[PDB]
Every structure is written in structure tokens, then in C-alpha cells.
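File shown: final-v1.cif. Contents: mmCIF, N, CA and C atoms.
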```
data_entry
#
loop_
_atom_site.label_atom_id
_atom_site.label_comp_id
_atom_site.auth_asym_id
_atom_site.auth_seq_id
_atom_site.Cartn_x
_atom_site.Cartn_y
_atom_site.Cartn_z
N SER A 308 52.95 100.03 39.51
CA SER A 308 54.04 100.70 38.82
C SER A 308 53.76 100.70 37.33
N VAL A 309 54.35 101.67 36.63
CA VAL A 309 54.16 101.81 35.19
C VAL A 309 55.24 102.73 34.67
N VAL A 310 55.57 102.58 33.39
CA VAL A 310 56.54 103.42 32.71
C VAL A 310 55.79 104.40 31.82
N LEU A 311 56.13 105.68 31.94
CA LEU A 311 55.40 106.72 31.24
C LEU A 311 55.57 106.57 29.73
N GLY A 312 54.48 106.76 28.99
CA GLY A 312 54.56 106.79 27.55
C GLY A 312 55.08 108.13 27.05
N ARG A 313 55.33 108.18 25.74
CA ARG A 313 55.89 109.37 25.12
C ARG A 313 55.15 109.70 23.84
N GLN A 314 54.92 110.99 23.61
CA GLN A 314 54.37 111.50 22.37
C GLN A 314 55.19 112.71 21.95
N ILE A 315 55.54 112.76 20.66
CA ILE A 315 56.42 113.79 20.13
C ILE A 315 55.60 114.73 19.26
N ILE A 316 55.69 116.02 19.55
CA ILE A 316 55.05 117.07 18.76
C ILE A 316 56.16 117.93 18.18
N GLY A 317 56.18 118.07 16.86
CA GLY A 317 57.24 118.77 16.16
C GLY A 317 56.78 120.13 15.66
N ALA A 318 57.69 121.10 15.73
CA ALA A 318 57.40 122.43 15.23
C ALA A 318 57.36 122.44 13.71
N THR A 319 56.51 123.31 13.16
CA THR A 319 56.33 123.43 11.72
C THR A 319 56.79 124.76 11.16
N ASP A 320 56.98 125.78 11.99
CA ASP A 320 57.48 127.06 11.51
C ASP A 320 58.85 126.88 10.86
N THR A 321 59.30 127.92 10.17
CA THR A 321 60.57 127.84 9.45
C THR A 321 61.73 127.57 10.40
N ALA A 322 61.76 128.28 11.54
CA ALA A 322 62.84 128.06 12.50
C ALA A 322 62.80 126.65 13.06
N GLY A 323 61.61 126.14 13.38
CA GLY A 323 61.51 124.80 13.91
C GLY A 323 61.92 123.74 12.91
N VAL A 324 61.51 123.90 11.65
CA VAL A 324 61.87 122.93 10.62
C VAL A 324 63.38 122.90 10.42
N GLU A 325 64.02 124.07 10.35
CA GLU A 325 65.47 124.11 10.15
C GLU A 325 66.20 123.50 11.34
N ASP A 326 65.88 123.96 12.55
CA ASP A 326 66.57 123.47 13.74
C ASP A 326 66.09 122.08 14.15
N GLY A 327 64.82 121.77 13.93
CA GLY A 327 64.27 120.50 14.35
C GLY A 327 63.78 120.52 15.78
N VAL A 328 62.89 121.45 16.09
CA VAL A 328 62.36 121.60 17.44
C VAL A 328 61.23 120.60 17.65
N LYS A 329 61.19 120.02 18.84
CA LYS A 329 60.17 119.03 19.16
C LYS A 329 59.96 119.00 20.67
N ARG A 330 58.83 118.43 21.07
CA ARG A 330 58.43 118.36 22.47
C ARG A 330 58.10 116.93 22.83
N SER A 331 58.35 116.58 24.09
CA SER A 331 58.03 115.27 24.63
C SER A 331 56.98 115.42 25.73
N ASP A 332 55.90 114.65 25.61
CA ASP A 332 54.81 114.66 26.58
C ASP A 332 54.73 113.28 27.24
N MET A 333 54.67 113.27 28.57
CA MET A 333 54.66 112.04 29.34
C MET A 333 53.44 112.02 30.25
N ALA A 334 52.72 110.91 30.25
CA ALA A 334 51.54 110.76 31.09
C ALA A 334 51.33 109.28 31.39
N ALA A 335 50.58 109.02 32.45
CA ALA A 335 50.30 107.65 32.86
C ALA A 335 49.05 107.63 33.73
N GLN A 336 48.49 106.44 33.89
CA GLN A 336 47.30 106.22 34.71
C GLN A 336 47.54 105.02 35.60
N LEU A 337 47.13 105.14 36.86
CA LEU A 337 47.27 104.06 37.83
C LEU A 337 46.05 104.04 38.74
N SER A 338 45.56 102.84 39.04
CA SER A 338 44.42 102.68 39.92
C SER A 338 44.40 101.26 40.46
N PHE A 339 43.86 101.10 41.66
CA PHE A 339 43.74 99.80 42.30
C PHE A 339 42.45 99.76 43.11
N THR A 340 41.98 98.54 43.37
CA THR A 340 40.79 98.31 44.18
C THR A 340 41.10 97.18 45.15
N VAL A 341 41.20 97.50 46.43
CA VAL A 341 41.56 96.52 47.45
C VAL A 341 40.56 96.63 48.60
N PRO A 342 40.37 95.55 49.35
CA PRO A 342 39.49 95.60 50.52
C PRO A 342 40.18 96.25 51.71
N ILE A 343 39.38 96.91 52.54
CA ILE A 343 39.87 97.57 53.74
C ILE A 343 39.94 96.54 54.86
N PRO A 344 41.03 96.47 55.63
CA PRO A 344 41.13 95.46 56.70
C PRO A 344 40.42 95.94 57.96
N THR A 345 39.45 95.16 58.41
CA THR A 345 38.70 95.53 59.61
C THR A 345 39.56 95.33 60.85
N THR A 346 39.53 96.32 61.74
CA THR A 346 40.28 96.26 62.98
C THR A 346 39.43 96.84 64.10
N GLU A 347 39.72 96.40 65.33
CA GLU A 347 38.96 96.89 66.47
C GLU A 347 39.18 98.38 66.70
N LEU A 348 40.41 98.86 66.53
CA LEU A 348 40.75 100.25 66.81
C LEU A 348 40.95 101.08 65.56
N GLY A 349 40.81 100.50 64.37
CA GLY A 349 40.91 101.25 63.15
C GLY A 349 42.34 101.54 62.74
N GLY A 350 42.47 102.42 61.76
CA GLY A 350 43.77 102.80 61.25
C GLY A 350 43.64 103.86 60.19
N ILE A 351 44.79 104.24 59.62
CA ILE A 351 44.88 105.27 58.60
C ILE A 351 45.51 104.66 57.36
N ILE A 352 44.88 104.86 56.21
CA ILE A 352 45.38 104.39 54.93
C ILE A 352 46.01 105.60 54.24
N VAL A 353 47.32 105.53 54.01
CA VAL A 353 48.07 106.62 53.38
C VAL A 353 48.51 106.17 52.00
N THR A 354 48.27 107.01 51.00
CA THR A 354 48.64 106.73 49.63
C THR A 354 49.83 107.59 49.22
N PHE A 355 50.64 107.05 48.31
CA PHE A 355 51.83 107.73 47.84
C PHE A 355 51.89 107.68 46.32
N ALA A 356 52.54 108.68 45.74
CA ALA A 356 52.73 108.75 44.30
C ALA A 356 54.11 109.36 44.06
N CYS A 357 55.04 108.55 43.56
CA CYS A 357 56.42 108.96 43.39
C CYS A 357 56.85 108.75 41.95
N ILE A 358 57.58 109.73 41.41
CA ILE A 358 58.15 109.67 40.08
C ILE A 358 59.67 109.65 40.22
N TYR B 3 89.96 71.95 33.76
CA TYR B 3 89.52 73.31 34.07
C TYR B 3 89.06 74.27 32.97
N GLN B 4 89.43 73.97 31.72
CA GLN B 4 88.99 74.76 30.58
C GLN B 4 87.65 74.29 30.02
N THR B 5 86.65 74.16 30.89
CA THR B 5 85.31 73.75 30.51
C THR B 5 84.29 74.64 31.20
N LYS B 6 83.15 74.85 30.55
CA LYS B 6 82.17 75.80 31.07
C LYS B 6 81.45 75.23 32.28
N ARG B 7 81.46 75.98 33.37
CA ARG B 7 80.73 75.65 34.59
C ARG B 7 79.82 76.77 35.05
N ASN B 8 80.23 78.03 34.86
CA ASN B 8 79.44 79.19 35.25
C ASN B 8 79.32 80.12 34.04
N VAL B 9 78.56 81.20 34.21
CA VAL B 9 78.28 82.13 33.12
C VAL B 9 78.48 83.56 33.60
N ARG B 10 78.85 84.42 32.66
CA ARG B 10 78.91 85.86 32.86
C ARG B 10 77.79 86.53 32.08
N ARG B 11 77.60 87.82 32.35
CA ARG B 11 76.61 88.61 31.64
C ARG B 11 77.03 90.07 31.61
N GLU B 12 76.93 90.68 30.43
CA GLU B 12 77.23 92.09 30.23
C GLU B 12 76.06 92.74 29.52
N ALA B 13 75.79 94.00 29.87
CA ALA B 13 74.72 94.77 29.23
C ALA B 13 75.17 96.23 29.22
N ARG B 14 75.76 96.65 28.11
CA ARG B 14 76.29 97.99 27.95
C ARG B 14 75.47 98.75 26.92
N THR B 15 74.94 99.90 27.33
CA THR B 15 74.21 100.80 26.45
C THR B 15 74.94 102.13 26.44
N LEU B 16 75.26 102.62 25.24
CA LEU B 16 76.09 103.80 25.09
C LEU B 16 75.47 104.72 24.05
N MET B 17 75.86 106.00 24.12
CA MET B 17 75.35 107.02 23.23
C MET B 17 76.48 107.97 22.88
N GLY B 18 76.52 108.41 21.63
CA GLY B 18 77.56 109.32 21.21
C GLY B 18 77.33 109.79 19.79
N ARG B 19 78.30 110.55 19.29
CA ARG B 19 78.28 111.08 17.93
C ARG B 19 79.60 110.77 17.25
N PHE B 20 79.53 110.35 15.99
CA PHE B 20 80.73 110.07 15.21
C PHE B 20 80.60 110.73 13.85
N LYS B 21 81.70 111.32 13.39
CA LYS B 21 81.70 112.02 12.11
C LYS B 21 81.59 111.04 10.96
N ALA B 22 80.89 111.46 9.90
CA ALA B 22 80.75 110.62 8.72
C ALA B 22 82.08 110.51 7.99
N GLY B 23 82.25 109.39 7.29
CA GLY B 23 83.48 109.12 6.58
C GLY B 23 84.61 108.60 7.44
N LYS B 24 84.36 108.37 8.73
CA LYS B 24 85.38 107.90 9.67
C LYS B 24 84.97 106.55 10.21
N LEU B 25 85.92 105.62 10.27
CA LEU B 25 85.66 104.31 10.85
C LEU B 25 85.65 104.43 12.37
N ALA B 26 84.49 104.74 12.94
CA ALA B 26 84.41 105.08 14.35
C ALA B 26 84.14 103.82 15.17
N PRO B 27 85.03 103.43 16.08
CA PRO B 27 84.70 102.34 17.00
C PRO B 27 83.59 102.75 17.96
N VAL B 28 82.77 101.78 18.34
CA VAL B 28 81.62 102.02 19.20
C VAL B 28 81.71 101.24 20.51
N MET B 29 82.11 99.97 20.45
CA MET B 29 82.16 99.14 21.64
C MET B 29 83.26 98.11 21.49
N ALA B 30 83.71 97.59 22.64
CA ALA B 30 84.76 96.57 22.68
C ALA B 30 84.41 95.59 23.79
N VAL B 31 83.96 94.40 23.40
CA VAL B 31 83.56 93.36 24.34
C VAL B 31 84.76 92.45 24.59
N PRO B 32 85.20 92.27 25.84
CA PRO B 32 86.34 91.39 26.10
C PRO B 32 85.95 89.93 26.18
N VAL B 33 86.84 89.08 25.65
CA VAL B 33 86.67 87.63 25.68
C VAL B 33 87.94 87.02 26.26
N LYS B 34 87.80 86.31 27.37
CA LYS B 34 88.93 85.65 28.00
C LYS B 34 89.06 84.22 27.51
N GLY B 35 90.08 83.52 28.00
CA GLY B 35 90.33 82.17 27.55
C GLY B 35 89.25 81.20 27.98
N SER B 36 89.00 80.21 27.12
CA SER B 36 88.01 79.17 27.38
C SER B 36 86.65 79.77 27.72
N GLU B 37 86.19 80.65 26.83
CA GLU B 37 84.89 81.30 26.98
C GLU B 37 84.19 81.35 25.63
N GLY B 38 82.87 81.33 25.67
CA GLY B 38 82.06 81.39 24.47
C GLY B 38 80.62 81.66 24.83
N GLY B 39 79.81 81.83 23.81
CA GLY B 39 78.40 82.08 24.00
C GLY B 39 77.85 82.92 22.86
N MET B 40 76.79 83.67 23.17
CA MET B 40 76.09 84.48 22.19
C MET B 40 76.39 85.96 22.43
N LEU B 41 76.53 86.71 21.34
CA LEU B 41 76.73 88.15 21.39
C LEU B 41 75.65 88.81 20.55
N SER B 42 74.98 89.81 21.11
CA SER B 42 73.92 90.54 20.42
C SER B 42 74.18 92.03 20.58
N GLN B 43 74.41 92.71 19.47
CA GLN B 43 74.67 94.14 19.46
C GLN B 43 73.70 94.84 18.52
N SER B 44 73.35 96.08 18.88
CA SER B 44 72.44 96.88 18.07
C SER B 44 72.89 98.33 18.14
N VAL B 45 72.84 99.01 16.99
CA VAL B 45 73.26 100.40 16.88
C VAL B 45 72.20 101.16 16.10
N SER B 46 71.84 102.34 16.60
CA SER B 46 70.90 103.22 15.93
C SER B 46 71.64 104.32 15.19
N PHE B 47 70.95 104.94 14.23
CA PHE B 47 71.51 106.01 13.43
C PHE B 47 70.53 107.17 13.38
N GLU B 48 71.05 108.38 13.52
CA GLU B 48 70.21 109.58 13.48
C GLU B 48 71.10 110.75 13.07
N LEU B 49 70.86 111.29 11.89
CA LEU B 49 71.67 112.37 11.35
C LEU B 49 71.06 113.73 11.68
N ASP B 50 71.91 114.75 11.64
CA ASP B 50 71.46 116.11 11.87
C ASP B 50 70.56 116.56 10.72
N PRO B 51 69.71 117.55 10.96
CA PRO B 51 68.78 117.98 9.90
C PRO B 51 69.52 118.40 8.65
N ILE B 52 68.95 118.04 7.50
CA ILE B 52 69.52 118.34 6.19
C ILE B 52 68.53 119.22 5.44
#
```

Serialized structure, C-alpha cells:
Amino acid sequence: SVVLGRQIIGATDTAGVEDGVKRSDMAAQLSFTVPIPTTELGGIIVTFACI
Amino acid sequence: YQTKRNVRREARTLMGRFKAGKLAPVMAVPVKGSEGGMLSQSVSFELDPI
């Protein structure tokens, strides 16, 4: 699990400066390394990614 | 019976707008009889573009 970071990009044109227009960008990275459990009949490893 | 045995906990986060020049209330924490402890409050400020 992780909480997304934030970066703010602000407009510079006249309309953006007066009104104060800005954007929020969110991104994250996740990775793991685990051993596979050996079984006589095998199995299926299903991965999920939920926001 | 008026002695501390257990504890309470409150965590209120609020957002709003208040006009300048006005004594605007923001929060009201209740305190009952025979109670005490620590209170920590924080308020941010952000004005419209000038």
C-alpha cells in the first residue's frame, strides 16, 4: 500500500494568473518479490491493483 | 468517582470560508465534568487571489 504523491503545475497566462488555475498530478510505484509456493497440483497467482 | 480511569479521543478536521474582519468561530470542543488532558488545534489560511 502507498499514498499517492502530489505535484502542482500552475498556469502562467493572464487568465490563469488572475483566476489562479492549477493542476494536480498523482502517481505511485509498487513492487514486491515473493517466492512461489510449490504444490503437487499447482495453482493460479492473481494480482490486483485498486485505487 | 470524580477521578480519571478511562480516556476519550476526538479528531475533527473541518474546512470552510470566513469573511475577513469577522470574528468567525471554527470549532467547539466539549468538556464535561471531572475531565482534563491535552488539546491540540491547527488552522490554515489561504486567501483569494489579489

Could you tell me which residues of chain A sit within 8 Å of chain B when counting only C-alpha atoms, and give me the result as a JSON list (two decimals) with N, CA and C atoms, keeping the file's coordinate frame?
```
[["chain", "number", "residue", "atom", "x", "y", "z"],
["A", 325, "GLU", "N", 64.02, 124.07, 10.35],
["A", 325, "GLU", "CA", 65.47, 124.11, 10.15],
["A", 325, "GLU", "C", 66.20, 123.50, 11.34],
["A", 326, "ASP", "N", 65.88, 123.96, 12.55],
["A", 326, "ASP", "CA", 66.57, 123.47, 13.74],
["A", 326, "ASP", "C", 66.09, 122.08, 14.15],
["A", 327, "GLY", "N", 64.82, 121.77, 13.93],
["A", 327, "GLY", "CA", 64.27, 120.50, 14.35],
["A", 327, "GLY", "C", 63.78, 120.52, 15.78]]
```

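Every residue that the PyMOL selection byres ((chain A and resi 330-345) around 6.5) selects in this file is listed here: residues 310, 311, 312, 313, 314, 315, 316, 317, 318, 328, 329, 346, 347 and 349 of chain A.
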
Provide the atom N of residue 309 of chain A to atom C of residue 353 of chain A distance in Å, to one decimal place. 17.0 Å

Which of chain A fall in alpha helix (DSSP H), as a ChimeraX atom specification: /A:321-326

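The coordinates place atom CA of residue 33 of chain B at 15.9 Å from atom C of residue 7 of chain B.
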
Could you list the residues chosen by the PyMOL selection byres (((chain B and resi 5 and name CA) around 12) and name CA) in this structure as a PyMOL selection string? chain B and resi 3-4+6-9+35-38

Select, counting only C-alpha atoms, all protein, DNA and RNA residues no farther than 12 Å from (75.5, 88.2, 21.4) in file coordinates, and express the selection as a VMD selection string. chain B and resid 11 to 14 31 33 38 to 44

As lines of an AutoDock Vina configuration file: centre and edge lengths in Å, one decimal, of the axis-aligned box holding segment 31-40 of chain B with 3 Å per side:
```
center_x = 83.2
center_y = 86.8
center_z = 25.1
size_x = 20.2
size_y = 21.2
size_z = 11.8
```

Step by step: locate segment 28-51 of chain B in the block above, keep N, CA and C atoms, then write the file as a tab-separated table (two decimals), in the first residue's frame.
```tsv
chain	number	residue	atom	x	y	z
B	28	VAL	N	-14.70	28.59	14.56
B	28	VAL	CA	-14.24	27.50	13.73
B	28	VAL	C	-14.58	26.14	14.34
B	29	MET	N	-14.37	25.97	15.64
B	29	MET	CA	-14.61	24.69	16.28
B	29	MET	C	-15.04	24.91	17.72
B	30	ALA	N	-15.70	23.90	18.28
B	30	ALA	CA	-16.17	23.94	19.67
B	30	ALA	C	-15.99	22.55	20.26
B	31	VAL	N	-14.99	22.41	21.12
B	31	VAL	CA	-14.67	21.13	21.75
B	31	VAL	C	-15.39	21.07	23.10
B	32	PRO	N	-16.22	20.05	23.34
B	32	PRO	CA	-16.92	19.97	24.64
B	32	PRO	C	-16.07	19.35	25.73
B	33	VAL	N	-16.22	19.88	26.94
B	33	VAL	CA	-15.52	19.39	28.12
B	33	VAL	C	-16.57	19.15	29.20
B	34	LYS	N	-16.66	17.90	29.66
B	34	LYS	CA	-17.60	17.54	30.71
B	34	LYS	C	-16.92	17.62	32.08
B	35	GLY	N	-17.69	17.34	33.12
B	35	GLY	CA	-17.17	17.45	34.47
B	35	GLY	C	-16.10	16.42	34.76
B	36	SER	N	-15.13	16.82	35.59
B	36	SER	CA	-14.04	15.95	36.02
B	36	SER	C	-13.33	15.34	34.81
B	37	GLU	N	-12.91	16.23	33.90
B	37	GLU	CA	-12.18	15.83	32.71
B	37	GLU	C	-11.04	16.80	32.46
B	38	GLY	N	-9.98	16.30	31.84
B	38	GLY	CA	-8.83	17.11	31.52
B	38	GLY	C	-7.92	16.36	30.57
B	39	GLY	N	-6.88	17.04	30.12
B	39	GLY	CA	-5.92	16.45	29.21
B	39	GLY	C	-5.30	17.52	28.33
B	40	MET	N	-4.88	17.09	27.15
B	40	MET	CA	-4.21	17.95	26.19
B	40	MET	C	-5.13	18.26	25.02
B	41	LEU	N	-5.07	19.49	24.53
B	41	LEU	CA	-5.81	19.92	23.35
B	41	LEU	C	-4.82	20.49	22.34
B	42	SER	N	-4.92	20.03	21.10
B	42	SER	CA	-4.04	20.49	20.02
B	42	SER	C	-4.91	20.86	18.82
B	43	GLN	N	-4.88	22.13	18.44
B	43	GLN	CA	-5.64	22.63	17.31
B	43	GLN	C	-4.72	23.33	16.32
B	44	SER	N	-5.07	23.24	15.04
B	44	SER	CA	-4.30	23.86	13.98
B	44	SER	C	-5.26	24.37	12.92
B	45	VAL	N	-4.98	25.57	12.41
B	45	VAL	CA	-5.82	26.21	11.40
B	45	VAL	C	-4.92	26.76	10.31
B	46	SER	N	-5.31	26.52	9.06
B	46	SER	CA	-4.60	27.04	7.90
B	46	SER	C	-5.31	28.27	7.35
B	47	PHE	N	-4.57	29.06	6.58
B	47	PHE	CA	-5.10	30.27	5.98
B	47	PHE	C	-4.73	30.31	4.50
B	48	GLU	N	-5.69	30.70	3.67
B	48	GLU	CA	-5.46	30.78	2.23
B	48	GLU	C	-6.46	31.79	1.67
B	49	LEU	N	-5.96	32.92	1.19
B	49	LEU	CA	-6.80	33.99	0.68
B	49	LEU	C	-6.99	33.86	-0.83
B	50	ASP	N	-8.06	34.48	-1.32
B	50	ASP	CA	-8.33	34.50	-2.74
B	50	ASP	C	-7.27	35.34	-3.46
B	51	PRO	N	-7.07	35.12	-4.76
B	51	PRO	CA	-6.03	35.86	-5.47
B	51	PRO	C	-6.24	37.36	-5.37
```
